[PDB]
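One-letter residues, chain by chain:
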Amino acid sequence: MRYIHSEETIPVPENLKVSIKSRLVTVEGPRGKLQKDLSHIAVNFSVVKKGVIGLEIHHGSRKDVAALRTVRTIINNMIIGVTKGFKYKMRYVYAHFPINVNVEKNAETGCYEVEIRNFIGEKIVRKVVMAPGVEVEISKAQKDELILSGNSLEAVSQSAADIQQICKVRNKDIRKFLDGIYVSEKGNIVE
Amino acid sequence: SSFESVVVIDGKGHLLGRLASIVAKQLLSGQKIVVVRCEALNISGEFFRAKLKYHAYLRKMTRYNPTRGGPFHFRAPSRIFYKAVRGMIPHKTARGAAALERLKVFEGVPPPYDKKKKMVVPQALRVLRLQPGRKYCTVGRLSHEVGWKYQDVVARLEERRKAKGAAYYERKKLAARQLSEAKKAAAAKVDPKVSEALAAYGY
Amino acid sequence: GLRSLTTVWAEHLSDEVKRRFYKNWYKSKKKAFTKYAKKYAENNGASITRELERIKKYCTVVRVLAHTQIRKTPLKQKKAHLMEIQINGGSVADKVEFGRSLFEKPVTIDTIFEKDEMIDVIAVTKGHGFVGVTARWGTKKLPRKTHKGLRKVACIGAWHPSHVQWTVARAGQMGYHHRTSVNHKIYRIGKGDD
Amino acid sequence: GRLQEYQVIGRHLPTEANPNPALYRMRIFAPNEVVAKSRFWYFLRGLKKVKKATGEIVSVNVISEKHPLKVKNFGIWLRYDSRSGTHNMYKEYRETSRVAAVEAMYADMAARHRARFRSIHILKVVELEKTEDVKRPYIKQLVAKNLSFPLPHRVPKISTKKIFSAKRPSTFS
Amino acid sequence: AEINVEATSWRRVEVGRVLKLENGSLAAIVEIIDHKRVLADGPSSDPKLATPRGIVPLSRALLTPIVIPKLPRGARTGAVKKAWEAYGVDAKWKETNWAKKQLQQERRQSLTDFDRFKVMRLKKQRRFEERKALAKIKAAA
Amino acid sequence: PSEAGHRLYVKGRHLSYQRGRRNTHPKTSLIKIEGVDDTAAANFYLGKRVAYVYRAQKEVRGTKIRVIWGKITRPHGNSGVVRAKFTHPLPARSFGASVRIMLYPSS
RNA sequence: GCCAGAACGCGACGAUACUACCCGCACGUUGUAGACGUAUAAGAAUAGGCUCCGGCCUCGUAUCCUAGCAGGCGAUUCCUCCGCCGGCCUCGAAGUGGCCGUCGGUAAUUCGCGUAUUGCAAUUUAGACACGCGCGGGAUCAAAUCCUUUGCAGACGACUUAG
RNA sequence: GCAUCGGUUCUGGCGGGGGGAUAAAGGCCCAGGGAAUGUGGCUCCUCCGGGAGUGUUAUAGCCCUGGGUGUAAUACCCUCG
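Residues numbered from 1 in each chain as written, not as in the entry; some residues may be left out. Chains lettered and ligands numbered in written order. Part of a larger assembly, values for the part shown. Heavy atoms only, no water.

As recorded in the PDB entry, chain C goes by 60S ribosomal protein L3-like protein and comes from Thermochaetoides thermophila. This entry's official PDB title is "Chaetomium thermophilum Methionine Aminopeptidase 2 autoproteolysis product at the 80S ribosome".

For chain A, the PDB entry supplies the name 60S ribosomal protein l9-like protein and the organism Thermochaetoides thermophila. According to the UniProt record, the Sequence similarities (unreviewed entry) comment for chain A is "Belongs to the universal ribosomal protein uL6 family." (UniProt positions renumbered as here; feature names shortened; annotations may be inferred.)

Listed below in structure tokens is the structure:
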């Protein structure tokens, strides 16, 4: 059973510009520019109306049609990020040993670096470097918050997961030792 | 069918096993073949599948003495293609041995074999055989993870010869532009009746 | 791989190096570099300066040819030793300019190495003629009451492997092998005039 | 194979006790009339107490499509044998004649269910007169209003004897 | 919100689209059976272009730029001919590049040996004036 | 003047003998003619004459070049290969050599 | 990193007596997995490209070259095309191509003499790579082994040295 | 080597005859009856391409039954050259 025609549409607001060439998407707006390569998927792009983007697949299988919705939301995320940005929050959870962090500034390049000390009273100083385009800040609204912001969801989210995965307890009951750093909220910079 | 003195095949975009079958038939007939850019060939299926196939090959070795008789595992992209062809030829006879001298394989484009016309075999091209949506790999990448050492040297040299050809294109474009204007200017002025006589003949 | 395309020599060569190119020097005519020397002082050495320009253009690494003065040692031998030393430096133009300026000049070891530095030593070990398995590999000796010798290996293989394998200890030549020993330290560099 | 529809009429051999026996008629799909008669005795042996030795064939004819240039939808009722047990299905096809649907059905069942010709019985074939009696979802899409679609990525045809082309082909026919 | 997309665009398989069969024949689509087969016919006075009514597989056909407007689905042969002549399909196809290329070929397979010699001498006579103009332009540069 | 060539024959190649899978028969050979693809086109060359010329070492009657004569018998397969029969079977070392196909018995 | 180095895998340099070396052409005993127009350089995508910016693309079924005693001798005509040398630039992945100049040849048009007899077919003995020779010009005046000796080496050869 | 014949065999082209529902379809013509993936009209919405409803040939056309043109043509099978 092969489906003859499957189609989706993406609206575009009257603030930014988008250009597609050889299945290479470039999105540019007020807050910057991003690029993504989709040469691995057979899709036909078209301009339905003055502010609507259309894409479709012909004679596709059940497995092939599945990827059609995946592509649509990825491009929409790019439009949101260039006009509204992203913002993640994290909290510290400790029982006895306080957790100290030091978000030092740019290390002669655009990357930020975060230093974590005194995790469950260990003498390791453990260092993680963020992806370019991501800025890390220490919150002043209230205690024990890390705020990450940027333009692309893929870079912001992956860097946030890097911090969470590095603080792990070994050879202990993890239902009792809940020490670590965890993500607690996801949202945009504007509104 | 046509008989040429020598034919040069550009290897980029050709399936490994389908191209080797065409070549082995031509050699036994009497043709001469030269394969260029053996590092740009293709194999169907994901890369991980090819790696497992190669690792099983490396485990075979003569037990009592590894310096004799054992399967010698060549690691270059041109040598991988050569191994495929040797299995399709009776290489243990005088007739088969003579056929292998009519084949040459290289990485990149050596100086003798640039400034030449490179043909294409359409029965082994990937874009005409594989179904869209499937996965494939590159022979050049596979050689990197088994011990090939001169991958980056070839990449640099290939960038040089491609820059030289860009300047040659400008000269070729100018020559065609000048020839078109000459034909338009001459044909109108002089020939009174040779034109339509040629046109009725199909020229 | 890598390959060499040019090489240039100095105008005058000592009798120490010239001995290296001959196997019977005493009854020879000693015409080693006679015709090459005329390349100097001929068109103001036009041929020589062309090759130096080539290396500045096509090469990526540069090495230097040097030899020892064995005549200043109590050794009986008079034939010198020759080798190549690689120059690691700022630029290819800098490498050739520095190398060319050192023709027929002496260099002391204090300019190359300095105190308390960790270096490596490469040489050929002491030789022994032809030895058995007990000393060559270090296997256990057989009991005192063994017939037909007791300094051997009792079993050298199974049956259907069917050949003596490459991993079994056997008698042969020991010593005089090439070896590379690393991580040695320098305590002091002493001057000869002192 | 290449089939065509027949009608075949049989009869029990008349006897002194029962002159003028009854007459039976069937529709049989077969490559030729030699095997058309053979299938008639096979189906009849499962319904009445008549054999070939004690019967006879009255007439055999050929039925041809009335309008072989009109497109129409078909529905088939059938039974078959699996590797364990017997089952019933009902499938649909879209084409121009009655004969080809049986040809299409035989190839379809041989691929999807590994069912041979030996173990398939055809119960009834009927042409769907209306458009609201189409059940399966792979045929409603073929009867949608204003159907049209392109044909992307179609390989050009090249002679199998012309090796060593001189330029790269294109797939935008 | 300027949007520029550089993507391919094929020709649709609709009703009224005329195909070109392998042996130089034209047929107009009147019914779609599957995604692989269609029902088509072409009524043409010229015996070289005419084709009967029947089913043609789509893998042996080429899509020409001509399309007949407002062709009713499943029309009979009489109604198709009425639209075929009204739109002037025969005249429209004669001036296409595909037709001209085929015609330019046909004159070449029918050439007498004496005629091959004649065209060689005429080409050389025209070639002489090309080199004179080429040298003049090249010298001017 | 007169820069043209001098050729009045069609060139072919000697492929192999006539064989099954393990037995060969040197009586007849297989020859691939240049430019012929289908068996319909191969019907034109039935009955023509072919020659095989090679170099010897000794001179006998004013030359060092010998010839073996033959003719085309019937088509072979669907690929335009043809069969031929010579007065002497070909030297069996010429698997890949070239032969000349004449046009003597015309029309 | 480290150990061996294909004894039929490769590169740079030194000195080369004995024609062993280089240049010119002169023939030909002799060799060849097989000339007979052995004619064609962009890169990249294939659910997209090329361009002389007007347009063009299923198709190499294309382009260039192609007449004359195996291709003669003259004329009317025409400034086209081809070749051997020489001088400047350039080319290193296994080093190639360009420009200029001298000289020799030349149906784009149209003509005048010669072809026979190989007898009604019999390869159309014609190409380029090596190698052996014969001339006449240039340059050149070397090494290795045995032997005595050494012990950083050693069953014997071999190896490190000296004469 | 060529021309005229004999035996065996492979492979092309052309002219006829018969059968079936005396093929079935199909073109043109006559008579009757229907419907929608509803042509033209009419209504409404959308100007942003167009969409929705009503309703049986008009400014498109389709399906079913019977007759003439018919001993129509063509496909398949067999057969004389």
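A.B. asks: Looking at this model, I keep getting lost on the protein's contact with RNA strand H. Mind explaining?
C.D. replies: Close to RNA strand H lie 20 residues, the nearest being D:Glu65, D:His67, D:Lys70, D:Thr131 and E:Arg76. Backbone sugar and phosphate groups make up 74% of those atoms of RNA strand H lying within 4 Å of the protein. At 3.2 Å from a sugar or linking oxygen of RNA strand H is found a main-chain nitrogen or oxygen belonging to D:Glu65. Note that a phosphate oxygen of RNA strand H is positioned 3.3 Å from one of the side-chain N or O atoms of D:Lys70. Secondary structure elements with two or more residues in the surface near RNA strand H: β3 (55-62) of chain D together with α1 (77-86) of chain E. Taken together, the residues of the surface near RNA strand H break down into 5 nonpolar, 6 polar and 9 charged. (Near = heavy atom within 4 Å. Polar contact = N/O pair within 3.5 Å; in protein donor to acceptor, adjacent residues only side chain to side chain. Helix = DSSP H or I, 4+ residues; strand = E, 2+ residues; numbered from the N terminus. Nonpolar A, V, L, I, M, F, W, Y, C, P; charged D, E, K, R; others polar.)

A.B. asks: Mind showing me how you'd approach the sheet that holds strand β6 (residues 52-60) of chain A here?
C.D. replies: Residues and elements named next belong to chain A. Ordered by their spatial adjacency, 3 strands build an open sheet running β1-β6-β5, and the pairing between neighbours is antiparallel. Each having just a single partner strand, β1 (3-11) and β5 (44-49) make up the two edges of the open sheet. Pairs of neighbouring strands in the sheet enclose a mean axial angle of 30 degrees, with direction left out of account. Of the strand pairs in this sheet, β1 and β6 are connected by 8 bridges, and their pairing is antiparallel. Bridge pairing in β6 links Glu7 to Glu56. Along the sheet, helix α1 (residues 62-84) makes contact with β1, β5 and β6, crossing β1 at roughly 10 degrees. (Pairing = 2+ DSSP bridges. Axes fitted to C-alpha atoms, helices over the stretch in contact; angles between N-to-C directions. Contact = heavy atoms within 4.5 Å.)

A.B. asks: Is there a simple way to explain the interface of chain A and chain E in this structure?
C.D. replies: Where the parts come together, the accessible area they lose is often given as the size of the interface. Contacts between the two partners involve 18 residues from chain A and, on the opposite side, 10 residues from chain E. Taken together, the two surfaces of chain A and chain E that pack against each other cover about 1100 Å², and 62% of this comes from carbon and sulfur. Taken together, the links from chain A to chain E amount to 0 salt bridges. Applying the counting rule to chain A against chain E returns 4 residue pairs in polar contact. Here the side of chain A that touches chain E gets 5 residues from one element, more than from any other, and that element is strand β2 (residues 17-21) of chain A. In terms of residue class, the side of chain A that touches chain E is made up of 8 nonpolar, 6 polar and 4 charged. Inspection of the sheet shows β2(A) paired to strand β1 (residues 3-6) of chain E by 4 bridges, in the parallel sense. Bridge pairing links A:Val18 to E:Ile3 in β1(E). (Buried area = accessible area lost by both parts, 1.4 Å probe. Salt bridge = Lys/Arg side-chain N within 4 Å of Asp/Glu carboxyl O.)

A.B. asks: What is the right way to read the environment of C:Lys126 from this model?
C.D. replies: All names here are of chain C. Tracing the sequence through the fold places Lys126 in the loop between β3 (118-124) and β4 (127-131). A residue is classified by how much of its surface remains accessible, and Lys126, at 67% relative accessible area, is exposed. Excluding anything up to four places from it in sequence, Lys126 contacts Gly175 and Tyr176. (Buried < 20%, exposed > 50% of the residue type's maximum accessible area, 1.4 Å probe, protein only.)

A.B. asks: What's the story with the environment of C:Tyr26 in this structure? I'm lost.
C.D. replies: In this fold, C:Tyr26 is placed in the loop between α1 (15-18) and α2 (34-37). Here C:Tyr26 falls in the exposed class, since its relative accessible area comes to 64%.

A.B. asks: I'm lost on the environment of A:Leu146 in this one. Help?
C.D. replies: Residues and elements named next belong to chain A. By the secondary structure assignment, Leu146 is in strand β12 (residues 145-150). Residue class for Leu146 comes out buried when judged on its relative accessible area of 2%. Taking the C-alpha atoms as reference points, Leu146 and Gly29, separated by 117 residues in sequence, lie 27 Å from one another. Not counting chain neighbours up to four residues away, the residues in contact with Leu146 comprise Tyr88, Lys89, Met90, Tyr92, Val136, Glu137, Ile138 and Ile163.

A.B. asks: Is there a simple way to think about the sheet that holds β1(E) in this case?
C.D. replies: Consider a sheet: its strands pair through backbone hydrogen bonds, and that pairing is either parallel or antiparallel. The strand order across the open sheet formed by 4 strands is β4(A)-β3(A)-β2(A)-β1(E), and the pairing between neighbours is mixed. A single partner strand is all that each edge strand has here, and the edge strands are β4 (32-37) of chain A together with β1 of chain E. Looking at each pair of strands side by side, their axes are set apart by 10 degrees on average, direction ignored. With 5 bridges connecting them, β2(A) and strand β3 (residues 24-29) of chain A associate as antiparallel partners. Across the sheet, A:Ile20 pairs through a bridge with A:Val25, a residue of β3(A).

A.B. asks: Any chance you could explain the protein's contact with RNA strand G here in plain terms?
C.D. replies: Surrounding RNA strand G, one finds 117 residues, the nearest of these being B:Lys172, C:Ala32, C:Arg54, E:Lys124 and F:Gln57. The sugar-phosphate portion of RNA strand G accounts for 57% of its atoms within 4 Å of the protein, the bases making up the rest. Within the side chain of D:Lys162, an N or O atom sits 3.4 Å from a sugar or linking oxygen of RNA strand G. Taking D:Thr171, its side chain carries an N or O atom lying 3.0 Å from a sugar or linking oxygen of RNA strand G. Ranked by residues supplied to the surface near RNA strand G, first place goes to helix α6 (residues 151-189) of chain B with 12 residues.

A.B. asks: Is there a simple way to explain the pairing of β6(A) in this structure?
C.D. replies: For a regular strand, side chains alternate in direction, first toward one face of the sheet and then toward the other. Residue and element names in this part refer to chain A. The buried fraction of β6 is high, at 9 of 9 residues. Here β5 pairs with β6 via 5 bridges, running antiparallel. For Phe45, the partnering residue across the bridge sits in β6 and is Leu55. Between the antiparallel neighbours β5 and β6 lie 2 residues.

A.B. asks: For this particular structure, what's the right way to read the arrangement of the chains?
C.D. replies: Out of 9 pairs of chains that touch, the pair holding the most contacts is chains D and E. Contact between chain C and chain E is absent, and the least distance between their C-alpha atoms amounts to 36 Å.

A.B. asks: How should the interface of chain D and chain E be read in this particular structure?
C.D. replies: Of the residues lining the interface, 14 residues belong to chain D; the matching set on chain E comes to 20 residues. Seen at the junction of chain D and chain E, the total is 5 residue pairs in polar contact. Counted by class, the side of chain D that touches chain E contains 9 nonpolar, 2 polar and 3 charged residues.

A.B. asks: Which parts of the structure should I look at to understand helix α1 (residues 16-29) of chain B?
C.D. replies: Side chains that are three or four residues apart share a direction in an α-helix, a result of its 3.6 residues per turn. In a regular helix each residue adds 1.5 Å, so 14 residues correspond to 20 Å; α1(B) covers 21 Å between its end C-alpha atoms and thus fits that length. Looking at the packing, one finds that the buried side of α1(B) touches β2 (33-36), β3 (42-44), α3 (77-86), α4 (94-100) and β4 (103-105) of chain B together with β1 (10-19) of chain F. In the segment just after α1(B), B:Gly30 is the residue with positive phi, at about 135 degrees. (Expected span 1.5 Å × (residues − 1).)

A.B. asks: Can you help me understand the nonpolar core in this one?
C.D. replies: Buried together is how nonpolar side chains tend to be arranged in soluble globular proteins. Residues and elements named next belong to chain B. Judged by nonpolar contacts, the single largest core of 25 residues is most densely connected at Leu19, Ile33, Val35, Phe81 and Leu103. Elements with a contribution of two residues or more to this core: β1 (7-10), α1, β2, α3 and β4. Counting residues per element, this core draws most heavily on α1, which supplies 7 residues. (Core = buried A, V, L, I, M, F, W, Y, C linked by side-chain atoms within 4.5 Å.)

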